[PDB]
Amino acid sequence: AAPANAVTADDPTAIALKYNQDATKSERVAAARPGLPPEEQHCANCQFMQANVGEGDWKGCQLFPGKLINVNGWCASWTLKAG
Ligand code: SF4
């Protein structure tokens, strides 16, 4: 069950970025974002994931203020976690 503040499929920015809380149900292959092969990309290894926000599998994303993403998710702004 998603948290009350989870990013939802109906969120305009989620639609624009093609977010899904399950990266296996994402278009990461089509997007081919750089830094890792697409099959390896999900929120947990993204620079925008905020490890100190949320709990468990539901963590912050800088791009979605006030909400939570799933660590196993993906969107088209995926960027390698470099620091
Ligand atoms: S920017 Fe990164 S952490 Fe945020 S939803 Fe997209 S892939 Fe997940």
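One-based numbering along the sequence shown. Scope of the values below: all heavy atoms of this structure, side chains included, with no hydrogens, waters or symmetry mates.
By the criterion of side-chain heavy atoms lying less than 4.5 angstrom apart, applied directly or through intervening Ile, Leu, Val, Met, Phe, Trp or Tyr residues, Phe48 is not grouped with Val53; the two fall into different hydrophobic clusters.
Residues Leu68 and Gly60 share a closest heavy-atom pair of CD2-N, 3.8 Å. Minimum interatomic distance between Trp58 and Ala1 (heavy atoms only, all atoms of both residues): NE1-O, 3.8 Å. Of all the heavy atoms in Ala2 and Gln21, the pair that sits closest is CB-OE1, 4.4 Å. Taking all atoms of both residues into account, the shortest heavy-atom contact from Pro65 to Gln62 is CD-O, 3.9 Å. The two residues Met49 and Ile69 have their closest heavy-atom pair at CG-CD1, 4.2 Å. Taking both residues in full, the closest heavy atoms of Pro38 and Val29 are given as CB-CA, 3.7 Å, listed atom of the first, atom of the second, then distance.
Using a 4.5 Å cut-off on side-chain heavy atoms (C-beta onward), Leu17 and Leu63 make contact. The closest side-chain heavy-atom distance from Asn72 to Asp57 is below 4.5 Å.
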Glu39 and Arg28: side-chain contact (heavy atoms from CB on, under 4.5 Å), yes or no, with the steps? CA-CA 7 Å; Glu39 300 288 4; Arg28 62 194 179 167; 3.1 Å; yes
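In this structure, the side-chain contact (heavy atoms from CB on, under 4.5 Å) partners of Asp11, at least two apart in sequence or on a different chain, are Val7, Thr8, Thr13, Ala14, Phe64, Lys67. Partners of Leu36 according to the side-chain contact (heavy atoms from CB on, under 4.5 Å) rule, which considers only residues two or more places apart in sequence or in another chain, are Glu40, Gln41, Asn45, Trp78, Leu80.
Put simply, CD1 on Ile15 and SG on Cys75 are 13.0 Å apart, with the number rounded to the nearest 0.5 Å. If you take CH2 on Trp74 and NZ on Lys25, they are separated by 15.5 Å, rounding to the nearest 0.5 Å.
The backbone N or O of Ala51 lies less than 3.5 Å from a partner atom in the side chain of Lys59, making a donor-acceptor pair. A donor-acceptor distance shorter than 3.5 angstrom exists from the side chain of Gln47 to the backbone of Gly83, with no hydrogens or angles considered.
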